[PDB]
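Enquirer: Sequence, then structure. It's an experimental one.
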Amino acid sequence: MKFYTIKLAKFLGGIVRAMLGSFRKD
């Protein structure tokens, strides 16, 4: 494949945490 598929997945998987990480439980 474009191999960029794995790269993007990581990129999103990096931001996904950042979003949730943005909001703190307490």
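Expert: Thanks, I have it. Numbering: from 1, shown residues only.

Enquirer: In terms of helices and strands, where is the residue nearest to the spatial centre of the chain?
Expert: In the chain, the C-alpha closest to the average C-alpha coordinate belongs to residue 13, at a distance of 2.2 Å (Cα atoms, centre = their mean). With elements delineated by DSSP states H and E, residue 13 resides in helix 4-22, which encompasses its position.

Enquirer: Send over that helix as PDB, restricted to the C-alpha atoms.
Expert: Coordinates of each C-alpha in helix 4-22 appear next as PDB, following Å, rounded to 0.1, in the frame of the first residue of the first chain:
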ATOM      1  CA  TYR A   4       1.300   6.200   4.600                       C
ATOM      2  CA  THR A   5      -1.700   4.400   6.000                       C
ATOM      3  CA  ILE A   6       0.300   3.200   9.100                       C
ATOM      4  CA  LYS A   7       1.800   6.700   9.400                       C
ATOM      5  CA  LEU A   8      -1.600   8.400   9.500                       C
ATOM      6  CA  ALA A   9      -3.000   5.900  11.900                       C
ATOM      7  CA  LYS A  10      -0.200   6.800  14.300                       C
ATOM      8  CA  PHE A  11      -0.800  10.500  13.700                       C
ATOM      9  CA  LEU A  12      -4.500  10.200  14.500                       C
ATOM     10  CA  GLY A  13      -3.600   7.800  17.400                       C
ATOM     11  CA  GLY A  14      -1.400  10.600  18.700                       C
ATOM     12  CA  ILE A  15      -4.100  13.300  18.500                       C
ATOM     13  CA  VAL A  16      -6.900  11.000  19.700                       C
ATOM     14  CA  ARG A  17      -5.100  10.900  23.100                       C
ATOM     15  CA  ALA A  18      -4.400  14.600  22.900                       C
ATOM     16  CA  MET A  19      -8.200  15.300  22.600                       C
ATOM     17  CA  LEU A  20      -9.100  13.200  25.600                       C
ATOM     18  CA  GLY A  21      -5.900  14.300  27.300                       C
ATOM     19  CA  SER A  22      -7.200  17.900  26.800                       C
END
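
Enquirer: From the chain's centroid, how far away is it?
Expert: Using Cα atoms, centre = their mean, to the nearest Å, the distance from the centre of helix 4-22 to the centre of the chain it belongs to is 1 Å.
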